[PDB]
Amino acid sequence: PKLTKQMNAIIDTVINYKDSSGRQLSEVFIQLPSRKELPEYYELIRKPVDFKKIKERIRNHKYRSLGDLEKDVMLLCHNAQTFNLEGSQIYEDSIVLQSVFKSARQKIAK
């Protein structure tokens, strides 16, 4: 109950985060392209995950700890770094979002 609320607060912080230029960094990460739209993603990435899926997993009580939530957020960001070119905006945004997650978890949970 309190855990579910901690998780929703943390993920909401990550999703709503805007950089100093006003850009909501999460936007591209909410929903993966389909298999038909981007078959090469699914050829490369073994364990696809997006923020929509993480929200599903929170809603359905699938993460039993903040550690388990963190593992999926880090997976998402790792997949983004794997697929996208180093130095691309999406690659760089995924690094920022890792930090935003860790700060949100420090702030909300401690």
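In case it trips you up, residue 1 is the first one in the sequence shown, and so on. We call the rigid core whatever largest set of C-alpha positions still superposes within 1.5 Å between the two forms.
RMS Cα deviation from the shown model in 9 other deposited structures of this protein, rigid core fit, is larger for 31-39 than for the other stretch of the pair 31-39 / 73-81. Note on 90-98 vs 5-13: mean CA B-factor is higher in 5-13.
The stretch with the higher mean CA B factor, choosing between 80-88 and 35-43, is 35-43. Per the PDB record, residue ranking by Cα B-factor puts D68 in the highest third of the chain.
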